[PDB]
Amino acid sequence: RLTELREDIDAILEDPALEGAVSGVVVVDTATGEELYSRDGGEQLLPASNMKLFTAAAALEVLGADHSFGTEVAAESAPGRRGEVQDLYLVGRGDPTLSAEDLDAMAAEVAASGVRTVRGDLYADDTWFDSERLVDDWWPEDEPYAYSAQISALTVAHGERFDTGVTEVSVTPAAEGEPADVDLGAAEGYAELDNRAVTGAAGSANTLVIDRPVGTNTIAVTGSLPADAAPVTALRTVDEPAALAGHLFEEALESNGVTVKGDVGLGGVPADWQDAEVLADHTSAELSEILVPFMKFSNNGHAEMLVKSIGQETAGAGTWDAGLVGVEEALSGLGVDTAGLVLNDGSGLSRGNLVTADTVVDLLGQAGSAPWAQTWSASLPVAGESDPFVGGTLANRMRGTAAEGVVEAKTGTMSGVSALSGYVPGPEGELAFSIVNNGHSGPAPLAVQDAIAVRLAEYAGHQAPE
């Protein structure tokens, strides 16, 4: 009954959406080692977000499932009777889930410690990682968008999903001919506003563009919003994530009865400071839980931060160079043959990344029997599940199929790059598969990926929910 499977997959791959493309397709039985399907298994290809599989496994190996991240607030001495400190530092140590409300609780702690006036300047300290904001070969034109947010040890994460280094811009129509209202979110009073957008007539075409021009911290709004249009919201990155965190903390402090007399900017805790007084701290959830929003929704910021966190753990250097060698070494100690892996970042955003389908499948097998196997598995998108925090990038895929509720797979998505890799756990055995497609020129071959994964569930003896 294997021959029938191979012919079916052969025929799925004959899709006109795969014309000109190269595709690596590997299916292996994890229970009994049997390689069930292999096509260009050792072919080096762009993984896109499948690179997170490698990043996440290494993070669990290096950092541990129980690892958490710290943020603290420091002055050179405690406040006295007057409630006075001079300069004040917000120190970030790589928390990928640090919220505005977390800033408020720390601001309340600063108040409760006795501080009433910050007499000096408030500094945003992110020196735990380096100040290299973007990977070399990432694209300048991607910069305004959440998936290309600058990397920092001190960053504010937005919403349930913890999108870092971004603000939420809301654009609202006014009367026809009047400017549209732009609300810059958290970055109000931080980022600059260039509003050229107008409200068009009721029923007119929505032509609204929100951008952050390259090398600026300006949000430029152009185009038209019709008078009857619903508000438009877009996540847009800011320049210097830590400085926005500093900006938002100054507000948090003010809202908590603490006056800040001086300026806000970047700076590290001076070497001069003999015994920094920690006046507030925050601890994140453990990495096991942080993996969910990271892997379900394919969070690029989380990946790169985790990479540099690895570099800190292995080498005391919050660095891509150290972190990537860290990832490679960790994958080796896990038992993975890293011969075909080129590592240029953690997220897969970089087009300098290469994997092979065999390397992915190799990782899937080695991760499956790891101590952290369940927390790893739990972060993986589950085919056709309506809850975003369960289905993730697979929520609106494979619904009403043998694959719904069973296939746990990671997506990879870019121009001319699409991937689906994970497990097919049937009563027979838990199947592992990697599907990596490069160089298609039309839509992403999702139907091909879905079809294979669905046929793999049917092989593993699953039925479509009805």
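The first residue of the shown sequence is 1; numbering continues from there.
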Looking at the entry, does 6-14 or 448-456 show the higher mean C-alpha B-factor? 6-14
When the Cα temperature factors in the entry are averaged, is it 219-227 or 266-274 that ends up higher? 266-274
Candidate set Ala409, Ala58, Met51, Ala432 [ranked by C-alpha B-factor, highest]: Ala432
In terms of the CA temperature factor given in the entry, to which third of its chain does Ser386 belong: lowest, middle or highest? highest
Please place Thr32 in the lowest, middle or highest third of its chain by C-alpha B factor as given in the entry. highest
Entry-reported Cα temperature factor of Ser113, expressed as the chain third it lands in: highest
Looking at the temperature factor on the CA atom of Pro47, which third of the chain's modelled residues does it land in? middle
Within this chain, which third does the Cα B-factor at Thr127 fall in: lowest, middle or highest? lowest
